[PDB]
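To begin, one chain is listed below as structure tokens, in the form deposited in one PDB entry.
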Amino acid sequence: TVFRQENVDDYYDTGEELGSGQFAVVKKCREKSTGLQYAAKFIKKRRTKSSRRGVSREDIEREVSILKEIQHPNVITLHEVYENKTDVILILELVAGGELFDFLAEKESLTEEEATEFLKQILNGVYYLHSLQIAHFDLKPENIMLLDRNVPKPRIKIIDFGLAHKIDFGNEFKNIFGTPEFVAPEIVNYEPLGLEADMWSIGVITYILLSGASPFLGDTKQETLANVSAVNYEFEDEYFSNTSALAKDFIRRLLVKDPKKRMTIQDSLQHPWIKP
């Protein structure tokens, strides 16, 4: 599928940089015809078939195809796509309140009410995605953006569909692999993957929200991955002594090695810690 090949600068002006990663940079921008503001994600294309730099056309097209399906208050949306010889440029919805990661670095730990206010929105977004058989595969606090961080109960949107896949057979076997602290054991073990992997990541996020600590983090990536595969985590009393047993139960039923025994998104919404 081809994208708009007019110069994006003919239609948008860019401003502050929002972040950058291995293959992409995101810049705030403003559409000239409407004055409306967006986030332009410039993804570097692969320059040869066998290269390891840049992102393959197949991978870019997958991210775009999934994003085109999405319209939900808790998930980022896609406005337009441009391309030139060097980049594909996604014109994404602008969510300007910063990463949940940075919000957490300030509070250092959330109350259960604050955590569940965020988690209910994350669960609602993931429920929408999983209902469409979309596995995100990269859920973590850096990929949850706040609309406005200066309100008591910030609203959020899930971002970053660079690893997302449609799961139309119940599992995909593609060597998908995200951030070690957040990947499920089936990712670590290179096993068939499905929607269940996201539910594990939600368990990790919840543990972090409540404690400020990462459940599986070792001193090296290989230690973290070994800890994940072995389900090597525990609720440290220093962090969790005043946390409810029901909150621990919610986490415990997500950090389950066997994907078939792990809570699904629907289970998580009915769990007594979440359900009103």
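In this text, residue numbers run from 1 along the sequence as written. Between two forms, the rigid core is the largest collection of C-alphas that superpose within 1.5 Å.
This next part talks about the form deposited in another entry, which is not shown.
Superposition on the rigid core between the shown form and the other one places the CA atom of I265 less than 2 Å from its counterpart. Once the rigid core is used as the reference frame, the Cα position of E172 differs between the shown form and the other one by 2 Å or more. Core-superposed comparison between the shown form and the other one: the Cα of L104 travels 2 Å or more. In that other deposited form, the Cα-Cα separation between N175 and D59 shrinks by 3 Å or more relative to the displayed conformation. In that other deposited form, the CA atoms of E108 and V183 move apart by 3 angstroms or more relative to this form.
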